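Undergrad: experimental coordinates for this protein are included below, preceded by the sequence.
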Amino acid sequence: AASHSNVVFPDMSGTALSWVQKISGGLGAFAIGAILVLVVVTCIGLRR
Amino acid sequence: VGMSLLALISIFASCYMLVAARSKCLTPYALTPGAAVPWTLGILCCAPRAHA
């Protein structure tokens, strides 16, 4: 029988979740930049 | 209880005194049929969001 406790979920620094972190961070940066663009444009529209 | 009550006094007094500063800075503009100068409005919010 096993000498471990059957824990399978990997670490956040592991290769799989590191790759997922990179991808999610890229998409989040894209969303943040788009939000900033919309905020600037709508504030300029309001200020007129 | 003493420390908490002093903290509440500090925060209420500060927030109230900011409100007083806001009203004093913005008071002359409510006595003329003039513009709100969006440069002032953006930094310093007011009750009229869009009108006047």
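TA: Yep, that arrived. Numbering: from 1, shown residues only, chains lettered A, B, ... in the order given.

Undergrad: the closest residue to chain A within chain B: neighbour count?
TA: When you check chain B against chain A by C-beta to the nearest C-beta, the closest residue turns out to be residue B:38, at 4.6 Å. Every residue, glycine included, has its C-beta placed from N, CA and C. A total of 12 residues lie near residue B:38 under the criterion other C-beta atoms under 10 Å in any protein chain shown.

Undergrad: what sits closest to it if chain neighbours are left out?
TA: Sequence neighbours aside, residue A:47 is the residue nearest to residue B:38 in space, at 4.6 Å (criterion: C-beta to C-beta, 6 or more residues apart in numbering or on different chains).

Undergrad: neighbours of that neighbour, how many?
TA: By the measure other C-beta under 10 Å, the count of residues near residue A:47 is 10.

Undergrad: same question for residue A:16.
TA: The local packing of residue A:16 (other C-beta under 10 Å) involves 10 other residues.

Undergrad: quick one: what helix or strand has it in it?
TA: Counting by DSSP states H and E, the secondary-structure element that holds residue A:16 is helix A:15-47.

Undergrad: packing partners for that helix?
TA: helix B:38-43 (3 or more C-beta pairs under 8 Å, 6 or more residues apart in numbering or on different chains; DSSP states H and E).
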